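Look below for two forms of one protein chain, each set out as structure tokens: first structure 1, then structure 2.
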Structure 1
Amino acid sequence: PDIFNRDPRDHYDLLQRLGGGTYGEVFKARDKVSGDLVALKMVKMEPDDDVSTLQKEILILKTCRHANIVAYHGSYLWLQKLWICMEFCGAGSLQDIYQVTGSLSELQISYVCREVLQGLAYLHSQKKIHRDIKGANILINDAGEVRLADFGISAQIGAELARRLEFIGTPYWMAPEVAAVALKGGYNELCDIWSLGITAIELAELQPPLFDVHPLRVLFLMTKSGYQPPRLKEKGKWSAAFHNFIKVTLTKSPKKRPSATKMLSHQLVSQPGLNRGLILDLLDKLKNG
């Protein structure tokens, strides 16, 4: 798949770090030959990370023509550092957007949900889990397209697991079911459907439920037996279809939670008037008011 064995600095000038750490090491960069902007994500590579495995995963990323996946433009591999070259989004994430525009309309939220569900459907059909659906991780490109980033690669998933090791502590005395559970980390493909439901509330209310309470307390609230799925705050403002989308996306039991494909036949994401003009409107509002 032609992973270049060259310093990406050869071809690109780094301009600005993106995300303030939440995106790891991602940069807005300018191609030197053309004038074009890109996103360069830098995944640190361990010696253990096999370069052939990588090549398998990258080819998948390269051949993707899905409309709801951030586009792959290439990748470099220089001095134990992999770089992924993607499209750059002036408008950034839906979080960057609503922090200027304010809450999205129901129709805007409905569109974002349809497009993400399409992205999720694609990921899940490749036995991939996003694991981090949220406003911050949904990019709106210059054409008003809604896209998820696909980082289904071993070295990336590897770095997340490095964090989780510091979390779960030393493993040598751990039982195999404790090791298995800790690796998985409870993440299953339907976790993305729950995360989208929270996202829709985030898009509607400018923050996820319980965001005014400390993470530690919330972790305890969440894992109480009686914990209830959150709902939208202001009843009057939203249609029954939105409330329902939320009800069904935010099902507690994963055995009873609907998949991306089933959710694409929900009232909310099937309704007329869902077009990218909704997003273009949002973009004009961001950049003007």
Structure 2
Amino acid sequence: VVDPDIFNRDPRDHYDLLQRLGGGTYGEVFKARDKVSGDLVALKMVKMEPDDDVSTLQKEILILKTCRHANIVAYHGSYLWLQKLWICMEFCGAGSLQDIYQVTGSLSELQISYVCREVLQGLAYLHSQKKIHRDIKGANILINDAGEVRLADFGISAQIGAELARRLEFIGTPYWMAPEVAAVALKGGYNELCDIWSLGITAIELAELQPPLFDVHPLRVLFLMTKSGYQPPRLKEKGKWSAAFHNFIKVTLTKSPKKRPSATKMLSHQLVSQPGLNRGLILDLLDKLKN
């Protein structure tokens, strides 16, 4: 079973499908309208045939149905019908920040500051549940028509959680195993502070339209990050950005996780605690998008 609370019902008994969303980047996703209330939702459809391995989807639904926070895209339930699984989600009408900056160009520092504050609020919540997103990036920060910010897509988190469960299942007799081997098997080898680093990279992405080293082969990037002398990335255009933004990048991109600030701590940083950060900043961005 993929989840004990799935609705065994055709979602089209409750919703009218209106438009495909995401260009396929996120799978088969449909804008849909509640037949009763008229509210809009996003329905993601995934194949779920009787013999398929459902462990990762099981974990993703378990994450979704235990999150309830304004800055996390809302989960409304899942439908299993004729071997298709539909996940019903809050609809974010402006798409992801990547969809937006590909049209508008780089965000303003204030716009990035608001986005970062809202994401950190979602992360603080997730981390208070001992959850890790593990895939923070512009493509997974969604914007609704009101200019509000929603973290989305726990697919990677689900894949990781499912992998940990499987390795635990087959870890075998432990009596000769070193503690660090057991720890990696039970806990994964890292912690939630990886999300803080990814948010730092995301801030550069919103500022420059590419993450650092985007034009370097991925395997080379992975190897470089493991060298003892690896240097955290920086914003390239020094004069475009305030000292507070440069420092925000410096502290989020602390390479030792034992020294990297938590989400709650980062929320006290000058860049994200300054006044004037509200959704009007993103409505400005969406107005630029419209022109």
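Residue positions are counted from 1 along structure 1's sequence. The term rigid core refers to the maximal set of C-alpha atoms that superpose within 1.5 Å between the two forms.
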Quiz item: In a fit on the core, which one among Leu54, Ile246, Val70, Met263 has a Cα that moves 2 Å or more between the two structures?
Solution: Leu54
Quiz item: Does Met42 count as moved between the two structures, where moved means a C-alpha shift of 2 angstroms or more after fitting the rigid core?
Solution: yes
Quiz item: After a core superposition, would you say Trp194 shifts its C-alpha by at least 2 Å between the two structures?
Solution: no
Quiz item: Can a Cα shift of no less than 2 Å be assigned to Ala136 between the two structures, given superposition on the rigid core?
Solution: no
Practice problem: Quick one: how many Å does the C-alpha of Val213 shift between the two structures once the rigid core is superposed? | Solution: 0.8
Practice problem: May I ask for the C-alpha shift of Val33 between the two structures, in Å, based on superposition of the rigid core? | Solution: 6.2
Practice problem: State the core-superposed CA shift for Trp83 between the two structures, in Å to one decimal. | Solution: 2.4
